[PDB]
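Scroll down for the structure; my scribbles are underneath it.
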Amino acid sequence: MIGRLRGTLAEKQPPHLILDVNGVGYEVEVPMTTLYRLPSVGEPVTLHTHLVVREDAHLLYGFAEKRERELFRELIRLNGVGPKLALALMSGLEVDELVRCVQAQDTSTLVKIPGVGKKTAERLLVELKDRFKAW
Amino acid sequence: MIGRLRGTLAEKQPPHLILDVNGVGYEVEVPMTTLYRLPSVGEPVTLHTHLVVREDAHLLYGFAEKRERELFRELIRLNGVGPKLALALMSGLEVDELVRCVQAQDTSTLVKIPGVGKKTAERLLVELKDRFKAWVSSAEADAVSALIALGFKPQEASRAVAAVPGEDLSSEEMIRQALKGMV
Amino acid sequence: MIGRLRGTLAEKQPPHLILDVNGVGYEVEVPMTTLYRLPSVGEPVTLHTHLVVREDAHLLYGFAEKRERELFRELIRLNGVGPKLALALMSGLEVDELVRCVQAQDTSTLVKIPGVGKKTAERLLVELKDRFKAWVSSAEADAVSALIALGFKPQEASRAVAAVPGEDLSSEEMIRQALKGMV
Amino acid sequence: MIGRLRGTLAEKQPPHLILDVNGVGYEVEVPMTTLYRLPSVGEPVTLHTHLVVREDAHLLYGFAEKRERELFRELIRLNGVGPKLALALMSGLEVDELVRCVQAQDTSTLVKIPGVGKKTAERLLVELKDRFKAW
Amino acid sequence: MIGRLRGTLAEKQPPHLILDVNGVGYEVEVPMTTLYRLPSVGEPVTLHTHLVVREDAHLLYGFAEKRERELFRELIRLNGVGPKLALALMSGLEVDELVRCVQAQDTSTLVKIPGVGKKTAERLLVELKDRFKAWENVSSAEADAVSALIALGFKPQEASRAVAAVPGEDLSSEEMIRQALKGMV
Amino acid sequence: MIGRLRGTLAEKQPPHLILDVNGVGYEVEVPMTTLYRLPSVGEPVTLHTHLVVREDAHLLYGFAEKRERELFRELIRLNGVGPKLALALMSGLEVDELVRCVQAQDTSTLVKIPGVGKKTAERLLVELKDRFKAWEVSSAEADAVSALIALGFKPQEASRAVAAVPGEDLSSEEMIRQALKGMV
Amino acid sequence: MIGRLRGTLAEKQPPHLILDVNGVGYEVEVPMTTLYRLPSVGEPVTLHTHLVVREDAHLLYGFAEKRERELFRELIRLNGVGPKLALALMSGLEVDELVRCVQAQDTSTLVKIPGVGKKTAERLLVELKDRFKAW
Amino acid sequence: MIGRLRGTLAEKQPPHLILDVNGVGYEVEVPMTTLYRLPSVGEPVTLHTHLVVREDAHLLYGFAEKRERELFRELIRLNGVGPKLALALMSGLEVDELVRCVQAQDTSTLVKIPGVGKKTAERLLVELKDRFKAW
DNA sequence: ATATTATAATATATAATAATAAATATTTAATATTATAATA
DNA sequence: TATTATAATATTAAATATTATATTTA
DNA sequence: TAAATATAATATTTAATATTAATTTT
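See the structure below:
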């Protein structure tokens, strides 16, 4: 429901964050890559966020780009993909490397991402070969 | 919950819009008709809004007009209408023209909307037929009472009374101007 | 989650309102008495809002006083009470006579509120007597009966009687001044 | 959702609280220890709070320190622990006192907490002992 | 789960039933039209029951023959139709009556059944004519014309498809409205 | 969905039953009053049953009569009443006793049943007072109406005159006189 | 809850089917290949039945044999496909040619089976690569 | 709700069974200890079964004895134990052995069951300590 | 001197409209798949 | 002779956290 | 032998309140 959050970094406990937006500081979960692009505590910064809603909890997943949010949306739109799974996916390696791997059907490089088996990697390959459709 | 937003536009990726209201952006979509009324990037805009709560998602819908929100809400209250259908309908045609076509109950002007079946058209027209309504000063109250005594309904009298003459006019001339109308 | 809002009244259509609280407007449904004590559109006000959540919808119901909000809370806490019933009963009447009639075990006072059956009010008595631990004249009806038997229509005769009642004067004189109205 | 909240105190009716953050007053519950750690009414105060999400309601649980909220979340993650029970626990006892009671197998200190059976106390013992390895 | 029960009518209490099969009785509710042909208590009957699964209860809905069984399941398949609605429809009148009325499109036969109002009647008409019942089981002149027809007793649909069938193009109102009046005959 | 079983009592134990129907024995719980009326293990018994359908677990609850099962369905349709609460209820009191206590608005007879407090009595009375009324405009006024019709009054005017005043505990001849003296 | 059924054929109304067992008839869904294997109406025939349960109704599936029933169970255990695409698949082909086809990893033979395109064909291939034995 | 089941064994397939009770053969799974007491195929065998009702499934678990079914009910009543953990407990060891070791507060005899760790053993013993004062 | 009946009012059975309360029914969103009309 | 946007239909649906414990690789 | 890592298996409600038994004081 929130696609962008221009706030100030209140707390830094990776991989979670607090963005105190006008006194309101939400829990903000970011990947380790965004943690490298993250500035220090107290620095105002805009994160491009996504919502996950289930029956017992809501979480915020803020990103440095639109395309990161959209790709995370389409991976969680898959049936057998959880949030932490895709979190490990973009934490392991970069987005365009993932696009090149799935366009080249590189299951091996996706296997070296931690938490990912061969089966899950080839699932990702086959369900993402045509979904990108070269943009 | 959400009834209206008065915030600043952040980015435009149609149909998905982001509205940064005091530091936080709001995921809202607008119809392509409303795309013909959006301001530029960075300009403030006031959008009449209403949320939709799903089992696994919350969806925010914001329009330029409150009446558009009400018609959207009544479309959603229908048993066979989803948000995608209502957005397709209003992206095809505007609000009061659709209202008059509902008065017409004609399927030809609504079939042309892409992705819409004829069966959907007649069921929505039949279950949307007109059950809704069609879309004081001393002189004002004196005119209202005078036309009540003359037989005119108070709501019927008031709209003829308050429309044409100005504020705090002479009672005789403003009653004259109120009764100037004919049907 | 939410208890209070302090914004500006952007729009007020009954029985709801739009309170633009820091750029964000909320559709909040408030009772008739609250609407009577609300200020005009555009005046800031602080409201005792109660969080309402359904699996597929969410609402707010705000109040000018907190005790209204907690009493609404224990009314909704009953399984047999929906939000519309509570809103109707508090819109129709004030809360002090409500708690006194709970202490007095009065039903017909509650029944005259629209949408209230005898069983509904009598149940409200049944659970409220355990929920709460600490926390016109004869001549008025005689004039109405005399006018009805004389030939006057029953509701306009009562309108004339109640327009200027004989609270401090005799029945014949209040009939005399009640016949002033229709001339 | 919410991890931190910085706003002004409008009313203090225990255990309920409202915090007017830029006109928005959020109803929130804190333990009595936090209540005595509260300043007066009308001052801006920052809390480390948490939302509980479920099908019928949403309630906030504020804490003056983040570790209290973290231990709250860890307790509520258990099946037999509820928010009312947990808030009673941290109202009765200090967080570090609770940690030492867990490490020392001090059952009676949880027993003397009202509404707490000895069974539930030894549950708290046995799951917390292997849940946290002394921070 | 249940389609048929080669068993005996253990009890007969309207509108419910108990149908004993090998000592096992079932709470079965059938329409009154079925109740006319149902034999005595204890007699082995022919009745095609239907199960409806809820999170809170289950009930069995018997039918004499396949045609009203299929009719019932398809009616319940509608978004607005509940069980007691179709039960009242079958109690009031028969399958042939309702299909021959729907293909005739008269709401008057539908609405005399208790619990059946107008809106339910056009729902049945429209959502059955929506492909189930083939088998047995503008310009200023045209707007002026439509307004004149509304003022002269015409309901808007017959004023609409008459305009649609014979539209008028770049000529005066009086003649295409005249041939439309000949057209609707 | 199920109304009655003809089976064989494969095993009895408080407070459930096993009814071996064609080799299939169902877990059926019954109240103690029914349990007293049951014959020994292996005897065919007449139980009119109702299934409680919940998402995680069902409950088969049978009764020796249709009336007991019907009243249990009425009690379970109530707002705050669960099944085993009502099972304790008809374990304590019978159908005639409960019906008469409701019609007499009795509480003391039924509070001896365990689990029943004052609010239990309140809710049961408030529901059962109007859910059922009969459990398995006057002759003097009509005579007055006929007499006034014979006297020349219209039937509508005679009805209005006899309904104008609420004559009570008075004979037919004198009630006409007091009604006729009433308005005048 | 139910594994097999043994009763007399009440009627034949494909693709539905009613088996009158102890006077009690069950609605079952049957493959076309099994429709070629059914005897006349009124013949006592054994059907190995499996039940699917959803929130508002249920469907049985009377089968003439085991290994078809367990392959039905293994297929419907997949989240991407439901029972009725399985019905189309089993009406298309029997067990052994499907086993060799998935072992040969061919989508083309699955394409000709009605109601099936290409992507779901490699869904079947990928998911059933390493589930079962050759029998 | 079948409290006792008495039919003829239609077929045997571990760990399940099919008991053709006058034409209907239920999918019933019983522990291995009962399988030692199970006669051959076609014999009238009496089981004290209990149905487990789920939102998407129903499972029958037969028992040659009433008390083992009662212990199964006690085990599944525990907050973390479902049908299959109790199945492992019933298959691994005998009921009187369980009650003696619970009176002995043993753990090693529980952990040695496959699929059982220290956590589940200490759980079952400590949430089962309170019971069995009646016998 | 009794009726009678040729003109004069009359009162309500039968059309209609307006709350109202018991009784229900309670899911669409996304996506393959297959026709299908139109097309280099 | 393929080829592609559009539409009607017909399915399918939505879990994920936590342990127990295989090979495996030191 | 000690974990690592998938891998698979297995499992998955809550508040909220009304009754009742033991205790406590008078």
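Residue numbers (the entry's author numbering), protein chains in the order written: chain G, 1 to 135; chain F, 1 to 135, 154 to 201; chain H, 1 to 135, 154 to 201; chain E, 1 to 135; chain A, 1 to 137, 154 to 201; chain D, 1 to 136, 154 to 201; chain C, 1 to 135; chain B, 1 to 135.
Yeah, the Cβ is synthetic: ideal placement off N, Cα and C, and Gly gets one too.
Assigned secondary structure, residue i (DSSP; H/G/I helix, E/B strand, else coil)
i              : result
residue 7(C)   : strand
residue 158(A) : helix
residue 38(H)  : coil
residue 24(F)  : strand
residue 2(C)   : coil
residue 124(C) : helix
residue 29(H)  : coil
residue 12(D)  : strand
residue 165(F) : helix
Where the alpha helix (DSSP H) through residue i begins and ends
i              : result
residue 132(E) : Per DSSP, residue 132(E) belongs to no alpha helix (DSSP H) and is neither H nor E.
residue 99(C)  : 95-104
residue 46(H)  : Unbroken run through residue 46(H) is the beta strand (DSSP E), 44-48; no alpha helix (DSSP H).
residue 193(F) : 189-196
residue 108(C) : 108-112
residue 180(H) : 172-181
Local Cβ density within 10 Å of residue i, reported as buried at 16 or more and exposed below that
i             : result
residue 22(C) : buried
residue 86(F) : buried
residue 55(A) : exposed
residue 12(D) : buried
residue 96(A) : exposed
residue 90(E) : buried
residue 20(C) : buried
residue 72(E) : buried
Straight-line gap, residue i to residue j (C-alpha atoms, nearest Å)
i              : j              : result
residue 7(A)   : residue 46(A)  : 8 Å
residue 28(B)  : residue 51(H)  : 48 Å
residue 9(G)   : residue 33(G)  : 16 Å
residue 88(D)  : residue 69(B)  : 26 Å
residue 1(F)   : residue 24(H)  : 10 Å
residue 129(H) : residue 64(H)  : 25 Å
residue 162(H) : residue 179(H) : 7 Å
residue 38(H)  : residue 48(H)  : 13 Å
residue 93(A)  : residue 31(A)  : 10 Å
residue 131(H) : residue 82(B)  : 40 Å
residue 66(C)  : residue 98(C)  : 16 Å
residue 168(H) : residue 106(A) : 51 Å
Any non-hydrogen atom of the ligand SAM within 7 Å of residue i CB
i             : result
residue 10(E) : In the structure on display, the ligand SAM does not appear, and there are no ligands present to speak of.
Query raised in the report: Unbroken beta strand (DSSP E) runs of length 3 or more, entirely within the segment 51-92 of chain G: which are they?
Result: 58-63
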